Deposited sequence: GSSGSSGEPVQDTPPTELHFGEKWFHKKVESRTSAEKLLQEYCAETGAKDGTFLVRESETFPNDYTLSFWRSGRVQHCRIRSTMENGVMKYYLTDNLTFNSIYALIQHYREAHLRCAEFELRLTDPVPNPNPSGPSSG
């Protein structure tokens, strides 16, 4: 899987954090995957209609006309992932 492709390349390249690739969703959207401290992280890229025009985003308050524009922006500003920027809730009981 793409998760593995990154694994290889990054581990076998000393690739710095931030090395990514964008893949098309499975049923819905695209998924962003990047190298970060030995692990491959990911975040869903969502889309919507903003006043009749198609947009993409990682977080609701900042949309883009395309995946290109979305990536380039997060190439100049640190990532934001609305998928995982949520509030903690219930604890898991026992180990």
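**Student:** Quick one: where does the model skip the deposited sequence?
**Tutor:** In the chain as deposited, 1 to 33, 62 to 63, 131 to 138 carry no coordinates.
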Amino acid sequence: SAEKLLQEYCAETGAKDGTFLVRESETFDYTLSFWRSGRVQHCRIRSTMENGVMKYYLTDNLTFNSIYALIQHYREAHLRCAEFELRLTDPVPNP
From here on, numbers count along this sequence of modelled residues.
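**Student:** Regarding 62 to 70 and 30 to 38, which shows the higher C-alpha temperature factor on average in the entry?
**Tutor:** Mean C-alpha B-factor is greater for 30 to 38.
**Student:** Which has the higher mean CA temperature factor in the PDB entry, 19 to 27 or 80 to 88?
**Tutor:** Higher mean C-alpha B-factor: 19 to 27.
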